[PDB]
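**Student:** First, the structure itself, so that you have it in front of you.
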Amino acid sequence: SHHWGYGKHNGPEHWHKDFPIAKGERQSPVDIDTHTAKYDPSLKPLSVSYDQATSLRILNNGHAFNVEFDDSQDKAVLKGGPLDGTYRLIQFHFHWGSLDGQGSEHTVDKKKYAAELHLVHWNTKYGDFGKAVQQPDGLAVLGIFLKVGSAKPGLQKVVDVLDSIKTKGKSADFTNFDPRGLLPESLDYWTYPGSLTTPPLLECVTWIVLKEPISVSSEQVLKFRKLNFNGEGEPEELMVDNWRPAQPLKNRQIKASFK
Ligand SMILES: NS(=O)(=O)c1ccc(NC(=S)Nc2ccc(F)cc2)cc1
Ligand code: NA
Ligand code: NA
Ligand SMILES: [Zn+2]
């Protein structure tokens, strides 16, 4: 069984030994150089259709926490933009720092944000998530930066349940959560082909990274930082700095949806 994480001994610089694709040609995250990304008039309008989203549960997996959705039907889907066809929401999670000056996976002109939200969707032409991650167009991840400032009211229900899932393997019922409350006003975005940012690092993702960050309060992010990577009863290792740094861009171009 694998033992990867974010520490010195098991962090991103070690992942390649068990997961050689770590050094592949389309790894994520990347730095988004805003002066090299080009506006693409071919991109169709982005469609985020979350009205019928059905959240179920929140889980501390020892790496982050996942808010999981019922994806047994097209209840919450992402379409348009660079995407061909229909991508179903399965879960969201975050990456964050020990300090407000770090935490995001993607960077913007080398700027690190305090955190990054990933809304994970799978291409319904492949039938199930497990099949989709074996395809180069299997997933679409909508990435949203978080900066510290004013509180995000739509985040507070997530913050308040974290006390109940402090340690690895703990879960809690998490019904009726509306992920629309985590979006910024603008859907302007950058897009490029990449990968999962954790093991197994599969090169199956179309990344759609929104330009406009959301603002969360210091108190909200402080509560993320009280989570634990460890299991119950084990020595405490605070769940902080669960982000992979930027990877080589290699042959890829980042396209902008906006002028
Ligand atoms: N940070 S991320 O790139 O958005 C990201 C999104 C999703 C996942 N993996 C999930 S949900 N399960 C999974 C399990 C077994 C596999 F073989 C493959 C994937 C990891 C990272
Ligand atoms: Na677009
Ligand atoms: Na915003
Ligand atoms: Zn992620």
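Labels used: A, B, ... for chains in the order of the structure tokens, numbers from 1 for residues in each chain, and numbers from 1 for ligands as shown.
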So which residues touch segment 6-17 of chain A within 12 Å, counting only C-alpha atoms, skipping near sequence neighbours fewer than 3 positions away, as a PDB file with N, CA and C atoms, in the first residue's frame?

**Tutor:**
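Once everything was written out, this is selection.pdb:
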ATOM      1  N   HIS A   2       0.475   2.283  -0.670  1.00  0.00           N
ATOM      2  CA  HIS A   2       1.319   3.477  -0.764  1.00  0.00           C
ATOM      3  C   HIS A   2       1.261   4.343   0.487  1.00  0.00           C
ATOM      4  N   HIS A   3       2.331   5.095   0.728  1.00  0.00           N
ATOM      5  CA  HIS A   3       2.464   5.955   1.925  1.00  0.00           C
ATOM      6  C   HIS A   3       2.916   7.364   1.600  1.00  0.00           C
ATOM      7  N   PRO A  20       5.990   6.805 -11.401  1.00  0.00           N
ATOM      8  CA  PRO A  20       6.928   7.411 -12.341  1.00  0.00           C
ATOM      9  C   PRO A  20       6.324   8.484 -13.263  1.00  0.00           C
ATOM     10  N   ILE A  21       5.006   8.464 -13.505  1.00  0.00           N
ATOM     11  CA  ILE A  21       4.361   9.507 -14.297  1.00  0.00           C
ATOM     12  C   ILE A  21       4.467  10.882 -13.636  1.00  0.00           C
ATOM     13  N   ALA A  22       4.926  10.931 -12.378  1.00  0.00           N
ATOM     14  CA  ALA A  22       5.218  12.205 -11.741  1.00  0.00           C
ATOM     15  C   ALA A  22       6.119  13.097 -12.539  1.00  0.00           C
ATOM     16  N   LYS A  23       6.972  12.454 -13.367  1.00  0.00           N
ATOM     17  CA  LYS A  23       7.900  13.188 -14.243  1.00  0.00           C
ATOM     18  C   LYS A  23       7.428  13.203 -15.697  1.00  0.00           C
ATOM     19  N   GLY A  24       6.127  13.089 -15.913  1.00  0.00           N
ATOM     20  CA  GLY A  24       5.544  12.974 -17.233  1.00  0.00           C
ATOM     21  C   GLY A  24       5.426  14.309 -17.972  1.00  0.00           C
ATOM     22  N   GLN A  27       1.934  17.032 -16.449  1.00  0.00           N
ATOM     23  CA  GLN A  27       1.707  17.039 -15.010  1.00  0.00           C
ATOM     24  C   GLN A  27       1.147  18.379 -14.526  1.00  0.00           C
ATOM     25  N   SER A  28       0.383  18.321 -13.443  1.00  0.00           N
ATOM     26  CA  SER A  28      -0.203  19.460 -12.798  1.00  0.00           C
ATOM     27  C   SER A  28       0.197  19.505 -11.350  1.00  0.00           C
ATOM     28  N   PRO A  29       0.123  20.678 -10.711  1.00  0.00           N
ATOM     29  CA  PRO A  29      -0.241  21.994 -11.301  1.00  0.00           C
ATOM     30  C   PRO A  29       0.878  22.592 -12.088  1.00  0.00           C
ATOM     31  N   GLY A  62      -7.022  11.767   4.970  1.00  0.00           N
ATOM     32  CA  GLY A  62      -5.653  11.800   5.352  1.00  0.00           C
ATOM     33  C   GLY A  62      -4.775  12.666   4.499  1.00  0.00           C
ATOM     34  N   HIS A  63      -5.352  13.219   3.443  1.00  0.00           N
ATOM     35  CA  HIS A  63      -4.655  14.099   2.497  1.00  0.00           C
ATOM     36  C   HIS A  63      -5.348  15.467   2.361  1.00  0.00           C
ATOM     37  N   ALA A  64      -6.659  15.464   2.368  1.00  0.00           N
ATOM     38  CA  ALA A  64      -7.528  16.629   2.360  1.00  0.00           C
ATOM     39  C   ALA A  64      -8.876  16.189   2.913  1.00  0.00           C
ATOM     40  N   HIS A  95      -6.834  22.471  -1.261  1.00  0.00           N
ATOM     41  CA  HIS A  95      -5.436  22.427  -0.871  1.00  0.00           C
ATOM     42  C   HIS A  95      -5.136  23.760  -0.187  1.00  0.00           C
ATOM     43  N   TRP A  96      -4.363  23.748   0.906  1.00  0.00           N
ATOM     44  CA  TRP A  96      -4.114  24.974   1.635  1.00  0.00           C
ATOM     45  C   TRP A  96      -2.774  24.938   2.335  1.00  0.00           C
ATOM     46  N   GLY A  97      -2.398  26.111   2.874  1.00  0.00           N
ATOM     47  CA  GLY A  97      -1.096  26.297   3.466  1.00  0.00           C
ATOM     48  C   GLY A  97      -1.073  26.359   4.980  1.00  0.00           C
ATOM     49  N   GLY A 103      -0.274  27.782  -0.333  1.00  0.00           N
ATOM     50  CA  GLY A 103      -1.409  26.844  -0.225  1.00  0.00           C
ATOM     51  C   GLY A 103      -1.954  26.429  -1.537  1.00  0.00           C
ATOM     52  N   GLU A 105      -2.066  25.303  -5.506  1.00  0.00           N
ATOM     53  CA  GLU A 105      -1.260  24.381  -6.359  1.00  0.00           C
ATOM     54  C   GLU A 105      -0.874  25.111  -7.629  1.00  0.00           C
ATOM     55  N   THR A 197      -3.264  16.056  -9.294  1.00  0.00           N
ATOM     56  CA  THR A 197      -2.134  16.653  -8.557  1.00  0.00           C
ATOM     57  C   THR A 197      -1.689  15.832  -7.366  1.00  0.00           C
ATOM     58  N   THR A 198      -2.317  14.670  -7.142  1.00  0.00           N
ATOM     59  CA  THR A 198      -1.893  13.709  -6.103  1.00  0.00           C
ATOM     60  C   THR A 198      -1.667  12.388  -6.802  1.00  0.00           C
ATOM     61  N   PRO A 199      -0.916  11.468  -6.189  1.00  0.00           N
ATOM     62  CA  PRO A 199      -0.932  10.091  -6.661  1.00  0.00           C
ATOM     63  C   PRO A 199      -2.354   9.593  -6.871  1.00  0.00           C
ATOM     64  N   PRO A 200      -2.626   8.870  -7.965  1.00  0.00           N
ATOM     65  CA  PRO A 200      -1.668   8.304  -8.928  1.00  0.00           C
ATOM     66  C   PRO A 200      -1.203   9.224 -10.065  1.00  0.00           C
ATOM     67  N   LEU A 201      -1.531  10.510 -10.008  1.00  0.00           N
ATOM     68  CA  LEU A 201      -0.920  11.490 -10.919  1.00  0.00           C
ATOM     69  C   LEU A 201      -1.304  11.263 -12.402  1.00  0.00           C
ATOM     70  N   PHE A 229      -3.655  15.149   9.504  1.00  0.00           N
ATOM     71  CA  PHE A 229      -3.302  14.151   8.532  1.00  0.00           C
ATOM     72  C   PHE A 229      -3.396  12.748   9.158  1.00  0.00           C
ATOM     73  N   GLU A 237      -0.366  15.582  13.544  1.00  0.00           N
ATOM     74  CA  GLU A 237       0.320  16.176  12.419  1.00  0.00           C
ATOM     75  C   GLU A 237      -0.726  17.035  11.745  1.00  0.00           C
ATOM     76  N   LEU A 238      -0.618  18.341  11.905  1.00  0.00           N
ATOM     77  CA  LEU A 238      -1.658  19.223  11.375  1.00  0.00           C
ATOM     78  C   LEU A 238      -1.713  19.116   9.844  1.00  0.00           C
ATOM     79  N   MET A 239      -2.906  19.091   9.317  1.00  0.00           N
ATOM     80  CA  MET A 239      -3.162  19.026   7.855  1.00  0.00           C
ATOM     81  C   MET A 239      -3.013  20.454   7.335  1.00  0.00           C
ATOM     82  N   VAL A 240      -1.767  20.731   6.932  1.00  0.00           N
ATOM     83  CA  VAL A 240      -1.395  22.004   6.322  1.00  0.00           C
ATOM     84  C   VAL A 240      -0.373  21.696   5.208  1.00  0.00           C
ATOM     85  N   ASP A 241      -0.303  22.632   4.247  1.00  0.00           N
ATOM     86  CA  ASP A 241       0.661  22.501   3.154  1.00  0.00           C
ATOM     87  C   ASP A 241       0.485  21.201   2.391  1.00  0.00           C
ATOM     88  N   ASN A 242      -0.780  20.902   2.104  1.00  0.00           N
ATOM     89  CA  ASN A 242      -1.156  19.713   1.299  1.00  0.00           C
ATOM     90  C   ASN A 242      -1.321  20.084  -0.187  1.00  0.00           C
ATOM     91  N   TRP A 243      -0.309  20.781  -0.699  1.00  0.00           N
ATOM     92  CA  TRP A 243      -0.258  21.231  -2.077  1.00  0.00           C
ATOM     93  C   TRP A 243       1.003  20.710  -2.761  1.00  0.00           C
ATOM     94  N   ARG A 244       0.873  20.354  -4.028  1.00  0.00           N
ATOM     95  CA  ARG A 244       2.019  20.009  -4.901  1.00  0.00           C
ATOM     96  C   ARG A 244       2.504  21.315  -5.559  1.00  0.00           C
ATOM     97  N   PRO A 245       3.820  21.540  -5.673  1.00  0.00           N
ATOM     98  CA  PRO A 245       4.282  22.738  -6.359  1.00  0.00           C
ATOM     99  C   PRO A 245       4.097  22.588  -7.896  1.00  0.00           C
ATOM    100  N   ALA A 246       4.264  23.740  -8.541  1.00  0.00           N
ATOM    101  CA  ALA A 246       4.178  23.820  -9.990  1.00  0.00           C
ATOM    102  C   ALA A 246       5.190  22.866 -10.673  1.00  0.00           C
ATOM    103  N   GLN A 247       4.720  22.224 -11.744  1.00  0.00           N
ATOM    104  CA  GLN A 247       5.471  21.269 -12.554  1.00  0.00           C
ATOM    105  C   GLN A 247       5.801  21.853 -13.903  1.00  0.00           C
TER     106      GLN A 247
END

**Student:** Using only C-alpha atoms and all ligand atoms, which protein or nucleic acid residues are at most 10 Å from ligand 3, as a list in words?

**Tutor:**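 Counting only C-alpha atoms and all ligand atoms, the residues within 10 Å of ligand 3 come out as residues 144, 145, 146, 147, 150, 152, 182, 183, 184, 185, 186, 211, 212, 213, 214, 215 and 216 of chain A.
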
**Student:** Could you write out that same residue set with C-alpha atoms as a PDB file, in the first residue's frame?

**Tutor:**
ATOM      1  CA  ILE A 144     -10.814  28.319  -7.794  1.00  0.00           C
ATOM      2  CA  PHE A 145      -8.272  30.333  -5.795  1.00  0.00           C
ATOM      3  CA  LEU A 146      -8.884  31.460  -2.253  1.00  0.00           C
ATOM      4  CA  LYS A 147      -7.473  34.668  -0.767  1.00  0.00           C
ATOM      5  CA  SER A 150     -13.868  38.901   3.920  1.00  0.00           C
ATOM      6  CA  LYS A 152     -17.321  33.540   2.355  1.00  0.00           C
ATOM      7  CA  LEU A 182     -18.293  28.728  -3.521  1.00  0.00           C
ATOM      8  CA  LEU A 183     -18.070  30.327  -6.979  1.00  0.00           C
ATOM      9  CA  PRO A 184     -16.813  33.848  -7.709  1.00  0.00           C
ATOM     10  CA  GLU A 185     -18.888  36.288  -9.798  1.00  0.00           C
ATOM     11  CA  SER A 186     -16.932  35.844 -13.005  1.00  0.00           C
ATOM     12  CA  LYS A 211      -9.185  33.984 -12.822  1.00  0.00           C
ATOM     13  CA  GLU A 212     -11.239  35.572 -10.039  1.00  0.00           C
ATOM     14  CA  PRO A 213     -10.368  34.288  -6.544  1.00  0.00           C
ATOM     15  CA  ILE A 214     -12.943  33.947  -3.806  1.00  0.00           C
ATOM     16  CA  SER A 215     -12.360  35.677  -0.505  1.00  0.00           C
ATOM     17  CA  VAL A 216     -12.501  33.694   2.732  1.00  0.00           C
TER      18      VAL A 216
END

**Student:** Could you tell me, counting only C-alpha atoms and all ligand atoms, which protein and nucleic acid residues lie no more than 12 Å from ligand 2, written as JSON, numbers by chain?

**Tutor:** {"A": [39, 40, 41, 42, 43, 44, 45, 46, 47, 48, 78, 79, 80, 81, 82, 83, 186, 187, 188, 189, 190, 191, 208, 209, 210, 255, 256, 257, 258, 259]}

**Student:** What are the closest atom pairs, with distances in Å to one decimal, for all residues of chain A lying within 8 Å of ligand 4? Consider only C-alpha atoms and all ligand atoms, order rows by chain and residue number, and present the result as a Markdown table.

**Tutor:**
| residue | atom | partner | partner_atom_place_in_ligand_line | distance |
| --- | --- | --- | --- | --- |
| A:92 | CA | ligand 4 | 1 (Zn) | 8.0 |
| A:93 | CA | ligand 4 | 1 (Zn) | 6.2 |
| A:94 | CA | ligand 4 | 1 (Zn) | 6.0 |
| A:95 | CA | ligand 4 | 1 (Zn) | 6.3 |
| A:116 | CA | ligand 4 | 1 (Zn) | 7.7 |
| A:117 | CA | ligand 4 | 1 (Zn) | 7.0 |
| A:118 | CA | ligand 4 | 1 (Zn) | 5.0 |
| A:196 | CA | ligand 4 | 1 (Zn) | 7.2 |
| A:197 | CA | ligand 4 | 1 (Zn) | 6.0 |
| A:198 | CA | ligand 4 | 1 (Zn) | 7.2 |

**Student:** A:89, A:37, A:159, A:141: which is nearest ligand 1, counting only C-alpha atoms and all ligand atoms?

**Tutor:**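 The answer is A:141, which sits nearest to ligand 1.
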
**Student:** In Å, with one decimal, what is the gap from atom CA of residue 120 of chain A to atom CA of residue 85 of chain A?

**Tutor:** 15.3 Å

**Student:** So that I can check the secondary structure, give me every residue of segment 47-255 of chain A assigned strand (DSSP E or B) by backbone DSSP, as number ranges by chain.

**Tutor:** A: 47-49, 55-60, 65-69, 77-80, 87-96, 107-108, 111, 115-123, 139-148, 171-173, 189-194, 205-210, 214-216, 228, 238, 255

**Student:** Restricting the calculation to only C-alpha atoms and all ligand atoms: of A:151, A:99, A:142, A:221, which residue gets closest to ligand 1?

**Tutor:**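 Of A:151, A:99, A:142, A:221, the one nearest ligand 1 is A:142, counting only C-alpha atoms and all ligand atoms.
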
**Student:** With only C-alpha atoms as the atoms that count, which of A:163, A:232, A:109, A:137 lies nearest to residue 202 of chain A?

**Tutor:**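 That would be A:137, the residue with the smallest distance to residue 202 of chain A.
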
**Student:** Would you return as a count of residues only the members of segment 25-257 of chain A that DSSP assigns to helix (DSSP H, G or I) on this structure's backbone?

**Tutor:** 31

**Student:** Ranking A:98, A:90, A:230, A:132 by minimum distance to residue 5 of chain A and counting only C-alpha atoms, which one comes first?

**Tutor:**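 Among the listed residues, A:230 lies closest to residue 5 of chain A.
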
**Student:** I'd like the contact shell of segment 69-73 of chain A - 9 Å cut-off, only C-alpha atoms, skipping same-chain residues fewer than 5 positions apart - returned as number ranges by chain.

**Tutor:** A: 53-57, 88-92, 175

**Student:** Would you pick out the contacts of residue 223 of chain A at 9 Å or less, using only C-alpha atoms, so that residues sharing its chain but fewer than 2 positions from it are not included, and give the list as a compact mmCIF listing (two decimals) with C-alpha atoms, in the first residue's frame?

**Tutor:**
# COMPACT_ATOMS: atom_id res chain seq x y z
CA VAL A 159 -15.94 25.04 8.15
CA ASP A 160 -18.32 24.14 10.92
CA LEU A 162 -14.56 20.09 10.27
CA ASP A 163 -14.45 19.59 14.07
CA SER A 218 -8.67 34.26 8.28
CA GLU A 219 -10.89 32.50 10.78
CA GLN A 220 -12.27 30.19 8.07
CA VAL A 221 -8.84 29.14 6.79
CA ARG A 225 -5.47 24.22 9.51
CA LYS A 226 -6.79 22.43 12.63
CA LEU A 227 -7.48 19.24 10.68

**Student:** Measure the distance from atom 5 (C, counted along the ligand's line) of ligand 1 to atom CA of residue 194 of chain A in Å and round it to one decimal.

**Tutor:**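 Value for the atom 5 (C, counted along the ligand's line) of ligand 1-atom CA of residue 194 of chain A distance: 10.9 Å.
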
**Student:** So how far away is atom CA of residue 179 of chain A from atom CA of residue 61 of chain A, in Å?

**Tutor:**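 We find that atom CA of residue 61 of chain A and atom CA of residue 179 of chain A lie 20.0 Å from each other.
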